[PDB]
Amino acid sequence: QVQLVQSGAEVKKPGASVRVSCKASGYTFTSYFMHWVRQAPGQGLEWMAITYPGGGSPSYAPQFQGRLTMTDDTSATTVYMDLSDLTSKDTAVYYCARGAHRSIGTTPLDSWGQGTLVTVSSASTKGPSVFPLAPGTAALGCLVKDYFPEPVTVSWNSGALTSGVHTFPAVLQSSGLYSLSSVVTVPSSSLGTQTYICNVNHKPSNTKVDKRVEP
């Protein structure tokens, strides 16, 4: 069983460098090519680099202008990328992926890591402010504003309320902080008796907030 386990999310300032690792298991590490691919939020896939472990000379997509290096450690069956001189154009999910057997070719990419989010920004890590969106059908919700970086999750009534819930993609504000809303539609009759609490979790800042949304 192939596994490709990447390191955790990173936050960097412009000008810095980032290292992401990918621990491979379940196959002969040195007999397959390995690839890096990235995806900026809401955008398409971008192929970055390829090597084969233990004696490969990596090669790099030319638009990275030499900022990207790929390495491997065969005794740890791990591949790395180092991307230097970062800008906000480099904010992306970075994927490691196994390519073809070395006797077959370089592609296709049959197994993919879980992805590593790298956020490049001058902003510093910050939990959100949570504000109520107060209401025959009532819409109510929570505005989860001014946090950094992604991601946040939102539940309602500790997960007991799932029907009618819409949690929107975050938007990146000109301040460099994110903002998102989560809404739910409920019967207007229930507003008097039923309680509605949004549970917001911003793991990057270690923040959990509960907000009761009242009429």
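So that there is no doubt, residue numbering starts at 1 and follows the sequence shown.
Counting the unmodelled positions of the deposited sequence between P135 and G136 gives a gap of 4 to 9 residues. Mean C-alpha B-factor is higher over 191-199 than over the other stretch, the pair under comparison being 10-18 and 191-199.
The stretch with the higher mean CA B factor, choosing between 203-211 and 19-27, is 203-211. Comparing the C-alpha B-factors of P62, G164, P169, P53 in the entry, the top value falls on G164.
Ranking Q39, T69, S181, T185 by Cα temperature factor from the entry places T185 first. Annotation for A160: CA B-factor lies in the highest third of the chain's modelled residues. Among the modelled residues of its chain, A76 has a C-alpha B-factor that falls in the highest third, as given in the PDB entry. Per-chain ranking of the deposited C-alpha B factor places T107 in the middle third. When the CA B factors of the chain's modelled residues are split into thirds, the value for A100 lands in the middle one. Looking at the C-alpha B-factors along this chain, the one for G113 belongs to the lowest third.
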